[PDB]
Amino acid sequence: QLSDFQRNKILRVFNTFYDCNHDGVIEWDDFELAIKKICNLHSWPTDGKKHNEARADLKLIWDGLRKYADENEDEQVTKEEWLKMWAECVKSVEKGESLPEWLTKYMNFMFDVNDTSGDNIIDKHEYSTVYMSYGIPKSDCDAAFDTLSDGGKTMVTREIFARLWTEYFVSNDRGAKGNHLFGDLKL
């Protein structure tokens, strides 16, 4: 199963990015929250393309996560179910098979949220603008971004971001740069 390192990486994300209302479970309510949070960030109209567009993708993502981790079918993902899922989902990515569809779907969703200007590149400002809005300190965005972009040597494109996403969730390597996808970890 998952090491202390992996567990904590998987939990850190649960508590930070998924459990918006901060009550200890994931539900549709946390997603209506995200949508609000990102609209406030980018000043999208409550009813524009981006708002409804985003509401569609999250309905998909949620529907994906929950037909996947919600063993007990009550429309709620517990940390217990989250971890139980990730356990087998991880040992299955290190046996050859790729991620679940909903998880790629969230990754593209996140990428598009970052890539404000829409040139297919996350620049340092766009990055810190997002991740500061989830509580990650400005300095942990700068330390992170220098790692993910490789002091400027690598362009953070949709493709590169997806590969860092997988490293984050699955790698048991402390040296792996995808570890700092969501803000700098002291390792």
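A residue's number is simply how far along the shown sequence it sits, counting from 1.
Of the two segments, 109-117 and 86-94, the one listed with the higher mean B-factor is 86-94 (C-alpha atoms only). Of the two stretches examined, 51-59 and 121-129, the record assigns the greater average C-alpha temperature factor to 51-59. Highest CA B-factor among the listed residues (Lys138, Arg158, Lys37, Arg66): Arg66.
Looking at the C-alpha B-factors along this chain, the one for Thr46 belongs to the highest third.
Looking at the C-alpha B-factors along this chain, the one for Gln6 belongs to the middle third. Ranked by Cα temperature factor within the chain, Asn172 sits in the highest third according to the deposited record. Among the modelled residues of the chain, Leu181 sits in the lowest third by CA temperature factor in this PDB entry.
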